[PDB]
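Undergrad: The structure's right below; bear with me while I get my questions together.
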Amino acid sequence: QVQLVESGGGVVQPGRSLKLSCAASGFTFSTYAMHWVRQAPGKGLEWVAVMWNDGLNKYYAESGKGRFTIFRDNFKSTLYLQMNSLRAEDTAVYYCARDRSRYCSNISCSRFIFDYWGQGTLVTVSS
Amino acid sequence: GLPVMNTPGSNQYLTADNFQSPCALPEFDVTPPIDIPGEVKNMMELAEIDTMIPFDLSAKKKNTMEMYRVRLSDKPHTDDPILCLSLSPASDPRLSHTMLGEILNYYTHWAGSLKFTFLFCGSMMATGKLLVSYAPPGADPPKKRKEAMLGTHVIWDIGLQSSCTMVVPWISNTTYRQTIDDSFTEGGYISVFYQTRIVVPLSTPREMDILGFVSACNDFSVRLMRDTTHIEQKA
Amino acid sequence: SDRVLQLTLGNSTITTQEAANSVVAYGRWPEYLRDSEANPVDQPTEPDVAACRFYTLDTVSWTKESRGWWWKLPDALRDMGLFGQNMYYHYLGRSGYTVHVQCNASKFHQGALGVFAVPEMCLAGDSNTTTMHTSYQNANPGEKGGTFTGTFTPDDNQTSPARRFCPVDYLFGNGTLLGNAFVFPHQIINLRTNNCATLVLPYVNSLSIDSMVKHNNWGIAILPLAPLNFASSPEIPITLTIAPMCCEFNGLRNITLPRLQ
Amino acid sequence: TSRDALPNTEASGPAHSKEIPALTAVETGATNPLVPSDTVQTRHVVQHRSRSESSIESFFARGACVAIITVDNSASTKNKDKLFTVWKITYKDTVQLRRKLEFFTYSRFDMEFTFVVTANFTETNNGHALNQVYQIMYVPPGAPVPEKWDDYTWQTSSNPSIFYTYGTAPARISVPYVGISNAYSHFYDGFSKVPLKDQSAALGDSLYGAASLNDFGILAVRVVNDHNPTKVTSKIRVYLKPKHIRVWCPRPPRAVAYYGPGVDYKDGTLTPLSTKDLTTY
Amino acid sequence: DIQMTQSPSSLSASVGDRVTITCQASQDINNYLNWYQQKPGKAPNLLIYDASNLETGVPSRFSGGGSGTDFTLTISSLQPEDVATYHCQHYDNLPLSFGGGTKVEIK
Amino acid sequence: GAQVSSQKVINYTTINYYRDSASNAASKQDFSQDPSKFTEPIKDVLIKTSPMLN
Ligand SMILES: CCCCCCCCCCCCCCCC(=O)O
């Protein structure tokens, strides 16, 4: 069992920005692609973005594209998600997950099966 | 089968062994080489190239561009030295980080002669003469031109040839010297003095700098190899 | 005297009266590909005099505060006449170079410049939280080149990094001491002795021929070994001229239009 | 010209002429090839020293560690599974051999791999374990990487593999020069992709100096024995020795601590030189 | 983009019953689909991958099948601790997407 | 087919067991070269005794 811990969630006023972090332990962080997945209260899962273990290649879902930014620091084994212009529809629990793409920077040789999930951090957009 | 008995040392792993082993990629087709410019056969070739010396290394000038420059001026004559060296190519902080010293720090023993080259970077209107000397060990290190004049020395006249070279000949009791600070195999002393002051006319800078270079001759050698202390890794 | 020289290539020509000498990197002269070492099978293109000629870059001013300058090849010549057209219309290319640095002053000036030619001149970035993360646009400034700095300032906009180099002068921009850079082909311009430098660069690479748009084979760096000063602020210009030699191109396609900004 | 002695030294008397060996011009870029006989009087001596072991072959004739690989052998239900480990082959995980190799720009050589395996218990006795056997499989680029310790991929029909028994002498194999170019490149001043003006920004972005995405591939390591009630931890250490090596285009050595696979450097570690005085011996 | 449709949204069964859940795709995706289990107040857990492979440690009463546009998750004999939400997830191409989820409860 | 070579302080013997040349041991017996390409790269020849520039 590896350990993934998210933090930075809380109450945020509409239209403002927030930053999330996910600290990984128990494995070589710099050799895996990392994902963000969120779940609105009482709803189903929804995928956000991925980054291919190099810090440069990434992909965003259409919901947060333009507003969200994903980046990582391989020396501190940390993953970040910056959110701007948060709307009331962004309230949800955010998870950081790890897939099986180990040395990969392309869709051709990646495969997105999530073996591990974090405990999740809650974000509330309200005033 | 053929009878045999094992001798001591069987099943050990020595990192300097020279045995054969099977190939994991049999019948592999290898790319042919091409004639790339700049091939190297021996490591002493790199040591035989002139590289610049950080003479100053003051507390406020080390790790800057100012450490390579030695200052001259047109002040009246004096018998004090301009610079001093201990001739420890691998352990003296001024010589240790040069290419010669960097290559030496992978070896335990060295021998041969050394060349020192100086370059004058003043205006064409400046003139003067300097003294460069080498004193073998065993006596007081020279602090006055009167003392340095008794050792091996050359007089440099600044003219149309803007550089001077001094060869430090090999002289020692042992056949090799060690690459650490050791009183038994110490090297000597090197210093520079004014022979006559610098003379400059009007409308000219009255201060100027010089640069120094060091390399090895074609009789230089190093034999016993070791790990270097100029690189380290953290846990 | 031995200080005079004349060089001619195509319709260009240069004359100098106060030259030190010409240095050939590793003692090898530029040459075309041999039949025993050519990987591609298509007929190459040799524009010859149409591209093998001297081009003059924009000049720069040398003062007391200057830390240095650097350029990349063949990037610096990407917009020069038909050479750039051939570079962008073809997939593969190779060539040598002749680099000529010009800088003159009076007999009452003093100072010195160190001119270095480095193969595979990698430089260090400015980010302290990522590595190898500088962008194509910043890594290829063109004929304007870049400048060295006297101090290291790491970027801190982690959500929007600048993605550009930060080459320190005394570390030579790549973690190695400047005083050891004389292992590369070089020539020193000392104002009291000579006023120009000439270097002949053959094609050096681990491949017979490569892509000219993606990879730079040579780099040119000019740093003041002794600061400039004059009876007194002093300022003198430095101009740089470069000529491709034995250039050869292969793999003709439609033209490429890179994103330069 | 093979391990032959260096040239002898001649005898020289006083000189009074118009020849000036000691005066030169550093500006030209050449080095003055002087000998002690050109500046001082010397005696004739027969030379015996030679440069036999500063050569490039002898400078790389040392086996150097490059990696440590850790695997476990315990019941899978436990918090830590029977951890088979994956390592991508490189020499930049350590600094010593990296620094030695980066004296040059290009090189060719065959490789020799040596594996040293050690193991130990983690809890208080509670029995022992039978002798263990390890499998080291080479996975070239494009082949399927194992996803479990008992996958079908471990059949190794075409992948090279080594089975090693604990307590025996270290394992060893050889491999040729396997570069797709005419020589390895320790530096690459370029990109793997060009961003086109007519194309979206994300499609042309690439790392600086990356060259090929991954040069040589992967090593996969597992314990072949099923399990034991007691946890046993083991480590594998990889050692490299270049053979038949050639090099070109020398470079200055690294002067500051390494920072990542590139030439980048970190803040607060840019002061290698120490204090001294200009006129102090 | 690809849309995943799950049915039924919820169901009830008695202990020991055979329960079947279906996830449908808007176009053929070969066999690129995973199944996850999520108990209340906890993160999902992987059950099936490649639409048929059973993850190590999962009880043998779970099994997946189907291909193309229709897929099925079945529990041979329901147990008290199987009450949870079940999700389907495809990875045919980016962007990824999940299903709506299906709740399982005891009758 | 064995190779007999002389040690430097008289002979010693070696044999190749594998068909791949990568399996051979280091044969050493290197050859030196002139470093003029690095030390004297200037175009024209240089004579050390005569004045370098005139
Ligand atoms: C168990 C068999 C393993 C075989 C591995 C073959 C790959 C060997 C690669 C060695 C060269 C390493 C790179 C040196 C210089 C460089 O390219 O940066």
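Each chain in the structure tokens gets a letter, A, B and so on, in the order shown; residues start at 1 in every chain, and ligands are counted from 1 in the order they appear.
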Write out as a VMD selection string each polymer residue (protein, DNA or RNA) that has an atom no more than 7 Å from ligand 1, with only C-alpha atoms and all ligand atoms counted.
TA: (chain B and resid 24) or (chain D and resid 89 to 91 111 137 to 138 160 to 161 175 178 184 to 186 216 219)
Undergrad: For the residues selected in the previous step, produce a file with N, CA, C and O atoms as a compact mmCIF listing (two decimals), in the first residue's frame.
TA:
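Generated output (selection.txt):
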```txt
# COMPACT_ATOMS: atom_id res chain seq x y z
N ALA B 24 24.42 -11.49 -23.95
CA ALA B 24 22.98 -11.62 -23.83
C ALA B 24 22.24 -11.32 -25.13
O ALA B 24 21.04 -11.60 -25.22
N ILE D 89 17.11 1.68 -17.44
CA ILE D 89 18.56 1.59 -17.46
C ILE D 89 19.16 2.96 -17.75
O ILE D 89 18.83 3.59 -18.76
N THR D 90 20.05 3.41 -16.87
CA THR D 90 20.77 4.66 -17.06
C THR D 90 21.98 4.66 -16.15
O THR D 90 22.07 3.86 -15.21
N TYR D 91 22.92 5.56 -16.44
CA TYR D 91 24.08 5.76 -15.57
C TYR D 91 24.02 7.08 -14.82
O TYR D 91 24.98 7.41 -14.11
N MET D 111 29.40 -3.13 -22.85
CA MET D 111 29.09 -3.07 -21.43
C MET D 111 29.21 -4.44 -20.79
O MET D 111 28.94 -5.46 -21.43
N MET D 137 14.87 -9.87 -15.91
CA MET D 137 14.45 -9.91 -17.31
C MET D 137 14.70 -8.56 -17.96
O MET D 137 14.42 -7.52 -17.36
N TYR D 138 15.22 -8.58 -19.18
CA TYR D 138 15.44 -7.38 -19.96
C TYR D 138 14.23 -7.14 -20.86
O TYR D 138 13.84 -8.03 -21.63
N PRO D 160 15.67 -11.59 -23.11
CA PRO D 160 16.75 -12.18 -22.32
C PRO D 160 16.41 -12.16 -20.83
O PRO D 160 15.71 -11.27 -20.36
N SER D 161 16.91 -13.15 -20.11
CA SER D 161 16.62 -13.27 -18.69
C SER D 161 17.73 -14.04 -17.99
O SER D 161 18.41 -14.86 -18.61
N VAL D 175 27.03 -7.15 -23.28
CA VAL D 175 26.18 -6.67 -24.36
C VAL D 175 27.01 -5.80 -25.30
O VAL D 175 27.93 -5.11 -24.84
N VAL D 178 24.91 -0.83 -28.74
CA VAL D 178 23.53 -0.95 -29.17
C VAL D 178 22.92 0.41 -29.52
O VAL D 178 21.73 0.61 -29.35
N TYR D 184 27.29 7.04 -28.96
CA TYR D 184 26.50 7.64 -27.90
C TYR D 184 26.82 9.12 -27.77
O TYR D 184 27.93 9.57 -28.04
N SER D 185 25.82 9.90 -27.35
CA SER D 185 25.97 11.33 -27.13
C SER D 185 25.61 11.64 -25.69
O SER D 185 24.47 11.42 -25.27
N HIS D 186 26.58 12.16 -24.94
CA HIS D 186 26.34 12.54 -23.55
C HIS D 186 25.62 13.88 -23.43
O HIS D 186 25.11 14.20 -22.35
N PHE D 216 17.18 2.74 -24.00
CA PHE D 216 17.59 1.34 -23.91
C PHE D 216 16.59 0.40 -23.24
O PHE D 216 16.67 -0.81 -23.50
N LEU D 219 14.72 -3.04 -16.80
CA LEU D 219 15.04 -4.30 -16.14
C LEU D 219 13.94 -4.62 -15.13
O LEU D 219 13.59 -3.77 -14.30
```
Undergrad: Just the residues within 6 Å of residue 174 of chain C, please, counting only C-alpha atoms, with nothing from its chain fewer than 3 positions along; format it as a list in words.
TA: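 Returned residues: residues 123 and 124 of chain C; 263 of chain D.
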Undergrad: Write a file of the selected residues as a compact mmCIF listing (two decimals), in the first residue's frame, keeping N, CA, C and O atoms.
TA:
```
# COMPACT_ATOMS: atom_id res chain seq x y z
N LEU C 123 22.85 24.54 -22.04
CA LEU C 123 22.82 25.60 -21.04
C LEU C 123 21.83 25.25 -19.94
O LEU C 123 20.94 24.42 -20.12
N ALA C 124 21.99 25.90 -18.79
CA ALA C 124 21.17 25.62 -17.63
C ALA C 124 19.95 26.52 -17.59
O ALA C 124 20.02 27.71 -17.90
N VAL D 263 22.00 19.54 -17.51
CA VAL D 263 23.12 20.33 -17.01
C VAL D 263 22.69 21.39 -16.01
O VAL D 263 23.52 22.20 -15.58
```
Undergrad: Pick out the residues sitting within 10 Å of residue 250 of chain C, and hand them over as a PyMOL selection string; count only C-alpha atoms, and ignore anything fewer than 5 positions along from it in its own chain.
TA: chain C and resi 40-46+86-87+89-94+209-211
Undergrad: Show which residues sit within 6 Å of segment 244-248 of chain D, as a list in words. Count only C-alpha atoms, and ignore same-chain residues fewer than 2 positions away.
TA: residues 38, 39 and 40 of chain B; 106, 107, 108 and 109 of chain D
Undergrad: I need the chosen residues saved as a short mmCIF file (atom, residue, chain, number, x, y, z; two decimals), in the first residue's frame, with N, CA and C atoms.
TA:
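Output saved as again-v2.cif:
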```
data_model
loop_
_atom_site.label_atom_id
_atom_site.label_comp_id
_atom_site.auth_asym_id
_atom_site.auth_seq_id
_atom_site.Cartn_x
_atom_site.Cartn_y
_atom_site.Cartn_z
N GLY B 38 38.22 14.93 -33.40
CA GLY B 38 38.54 15.14 -32.01
C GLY B 38 38.61 13.89 -31.16
N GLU B 39 39.35 12.88 -31.62
CA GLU B 39 39.48 11.65 -30.85
C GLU B 39 40.62 11.77 -29.84
N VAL B 40 40.46 11.10 -28.71
CA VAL B 40 41.42 11.15 -27.61
C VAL B 40 41.87 9.73 -27.29
N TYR D 106 31.17 12.29 -27.02
CA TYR D 106 30.69 11.08 -27.68
C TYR D 106 31.57 9.91 -27.27
N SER D 107 30.99 8.71 -27.31
CA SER D 107 31.74 7.52 -26.93
C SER D 107 31.06 6.27 -27.48
N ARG D 108 31.86 5.22 -27.67
CA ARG D 108 31.41 3.89 -28.05
C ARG D 108 32.04 2.89 -27.11
N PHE D 109 31.28 1.88 -26.68
CA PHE D 109 31.84 0.86 -25.81
C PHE D 109 30.83 -0.27 -25.62
#
```
Undergrad: Just want the 6 Å neighbourhood of segment 122-135 of chain D, counted on only C-alpha atoms, with same-chain residues fewer than 6 positions away dropped. Output as a PyMOL selection string.
TA: chain D and resi 162-166+221-224
Undergrad: Could you give me the residues within segment 21-245 of chain C that DSSP places in helix (DSSP H, G or I), as an MDAnalysis selection string?
TA: chainID C and resid 25:27 48:50 75:77 81:89 136:139 142:144 178:183
Undergrad: Would you write out, as a tab-separated table, a table of all residues in chain F that have an atom no more than 9 Å from an atom of chain D, listing for each the closest atom pair and the distance in Å to one decimal, considering only C-alpha atoms and ordering rows by chain and rising residue number?
TA:
```
residue	atom	partner	partner_atom	distance
F:20	CA	D:176	CA	8.8
F:21	CA	D:176	CA	8.2
F:22	CA	D:176	CA	5.4
F:23	CA	D:174	CA	6.0
F:24	CA	D:243	CA	8.9
F:25	CA	D:243	CA	8.0
F:26	CA	D:243	CA	6.6
F:27	CA	D:244	CA	8.5
F:28	CA	D:57	CA	7.1
F:29	CA	D:2	CA	6.3
F:30	CA	D:2	CA	5.7
F:31	CA	D:2	CA	4.7
F:32	CA	D:1	CA	5.7
F:33	CA	D:1	CA	8.2
F:38	CA	D:30	CA	8.2
F:39	CA	D:31	CA	5.6
F:40	CA	D:30	CA	5.0
F:41	CA	D:30	CA	6.6
F:42	CA	D:30	CA	6.7
F:48	CA	D:21	CA	5.5
F:49	CA	D:21	CA	4.6
F:50	CA	D:19	CA	5.9
F:51	CA	D:20	CA	6.6
F:52	CA	D:24	CA	5.8
F:53	CA	D:25	CA	7.8
```
Undergrad: Tell me, as number ranges by chain, which residues lie within 6 Å of segment 92-94 of chain A, counting only C-alpha atoms; anything in the same chain fewer than 6 positions away does not count.
TA: A: 37-40, 120-123
Undergrad: Can you pull out the residues contacting residue 50 of chain A? Cut-off 7 Å, using only C-alpha atoms, and skip same-chain residues under 6 positions away; I want them as a list in words.
TA: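 Residues near the query, excluding close chain neighbours: residues 33, 34, 35, 36, 58, 59 and 60 of chain A.
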Undergrad: When distances are computed from only C-alpha atoms, which of D:281, D:239, D:87, D:187 shows the smallest separation from chain C?
TA: D:187
Undergrad: Of the residues F:37, F:15, F:47, F:4, which is the one nearest to chain C, using only C-alpha atoms?
TA: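 Closest to chain C, using only C-alpha atoms: F:37.
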Undergrad: Considering only C-alpha atoms, extract the chain C residues located within 6 Å of chain D and return them as a count of residues only.
TA: 22
Undergrad: For a quick test of understanding: name the residues of chain D lying within 10 Å of chain E when counting only C-alpha atoms, and present them as a short mmCIF file (atom, residue, chain, number, x, y, z; two decimals) with N, CA and C atoms, in the first residue's frame.
TA:
```cif
data_model
loop_
_atom_site.label_atom_id
_atom_site.label_comp_id
_atom_site.auth_asym_id
_atom_site.auth_seq_id
_atom_site.Cartn_x
_atom_site.Cartn_y
_atom_site.Cartn_z
N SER D 76 0.88 -11.79 0.01
CA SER D 76 0.34 -10.69 -0.79
C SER D 76 -0.73 -9.91 -0.05
N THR D 77 -1.46 -10.54 0.86
CA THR D 77 -2.53 -9.84 1.57
C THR D 77 -2.00 -8.71 2.45
N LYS D 148 2.28 -7.72 -12.87
CA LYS D 148 2.20 -8.51 -11.65
C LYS D 148 3.35 -9.51 -11.64
#
```
Undergrad: Please compute the atom CA of residue 125 of chain A-atom CA of residue 15 of chain A distance, one decimal, in Å.
TA: 8.8 Å
Undergrad: For the contact check between chain A and chain E, emit one row per residue of chain A within 7 Å, containing the shortest atom pair and the distance in Å rounded to one decimal, counting only C-alpha atoms, chain then rising number order, as CSV.
TA:
```
residue,atom,partner,partner_atom,distance
A:44,CA,E:100,CA,5.4
A:45,CA,E:98,CA,6.1
A:46,CA,E:98,CA,6.4
A:47,CA,E:97,CA,6.1
A:61,CA,E:95,CA,6.1
A:112,CA,E:91,CA,6.3
A:115,CA,E:46,CA,6.8
A:117,CA,E:43,CA,6.3
A:119,CA,E:43,CA,6.5
```
Undergrad: Please produce a file of those selected residues containing C-alpha atoms, as an mmCIF file, in the first residue's frame.
TA:
```cif
data_model
loop_
_atom_site.group_PDB
_atom_site.id
_atom_site.type_symbol
_atom_site.label_atom_id
_atom_site.label_comp_id
_atom_site.auth_asym_id
_atom_site.auth_seq_id
_atom_site.Cartn_x
_atom_site.Cartn_y
_atom_site.Cartn_z
ATOM 1 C CA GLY A 44 -20.936 10.068 -9.972
ATOM 2 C CA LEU A 45 -17.221 10.292 -10.626
ATOM 3 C CA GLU A 46 -15.760 12.786 -13.109
ATOM 4 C CA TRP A 47 -12.241 12.876 -14.549
ATOM 5 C CA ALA A 61 -11.214 17.560 -19.499
ATOM 6 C CA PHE A 112 -5.379 4.260 -17.516
ATOM 7 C CA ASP A 115 -4.676 1.174 -8.750
ATOM 8 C CA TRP A 117 -6.732 6.512 -4.638
ATOM 9 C CA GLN A 119 -8.589 9.959 0.893
#
```
Undergrad: Ranking B:108, B:162, B:203, B:7 by minimum distance to chain D and counting only C-alpha atoms, which one comes first?
TA: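 Using only C-alpha atoms, chain D sits closest to B:162.
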Undergrad: Got a sec to pull out which chain C residues are within 6 Å of chain B, counting only C-alpha atoms, and send them as a list in words?
TA: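 The selection requested is residues 26, 107, 108, 109, 110, 111, 170, 179, 180, 182, 192 and 231 of chain C.
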Undergrad: What would the file look like if the residues just selected were written as a short mmCIF file (atom, residue, chain, number, x, y, z; two decimals), in the first residue's frame with N, CA and C atoms?
TA:
```cif
data_model
loop_
_atom_site.label_atom_id
_atom_site.label_comp_id
_atom_site.auth_asym_id
_atom_site.auth_seq_id
_atom_site.Cartn_x
_atom_site.Cartn_y
_atom_site.Cartn_z
N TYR C 26 40.10 21.11 -34.03
CA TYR C 26 40.59 19.74 -34.07
C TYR C 26 41.40 19.45 -35.33
N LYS C 107 45.34 52.55 -29.56
CA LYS C 107 46.48 52.07 -28.78
C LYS C 107 46.39 52.46 -27.31
N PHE C 108 45.42 53.29 -26.94
CA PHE C 108 45.23 53.69 -25.55
C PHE C 108 44.06 52.97 -24.89
N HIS C 109 43.51 51.95 -25.53
CA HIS C 109 42.52 51.07 -24.92
C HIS C 109 43.19 49.81 -24.40
N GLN C 110 42.47 49.09 -23.54
CA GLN C 110 42.96 47.83 -23.01
C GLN C 110 41.77 46.94 -22.69
N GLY C 111 42.03 45.63 -22.63
CA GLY C 111 41.00 44.65 -22.40
C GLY C 111 41.26 43.38 -23.18
N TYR C 170 30.74 32.85 -14.67
CA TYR C 170 31.91 32.13 -14.17
C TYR C 170 31.70 30.62 -14.15
N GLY C 179 37.51 29.00 -16.34
CA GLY C 179 38.93 28.89 -16.61
C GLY C 179 39.32 27.63 -17.34
N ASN C 180 38.47 26.60 -17.32
CA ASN C 180 38.75 25.35 -18.01
C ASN C 180 38.17 25.31 -19.42
N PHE C 182 39.13 26.58 -22.02
CA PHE C 182 40.15 26.63 -23.06
C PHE C 182 40.44 25.24 -23.63
N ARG C 192 45.80 45.01 -27.37
CA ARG C 192 47.14 45.50 -27.66
C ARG C 192 47.84 44.69 -28.74
N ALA C 231 41.05 55.83 -21.05
CA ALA C 231 41.36 57.07 -20.35
C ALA C 231 40.08 57.82 -19.98
#
```
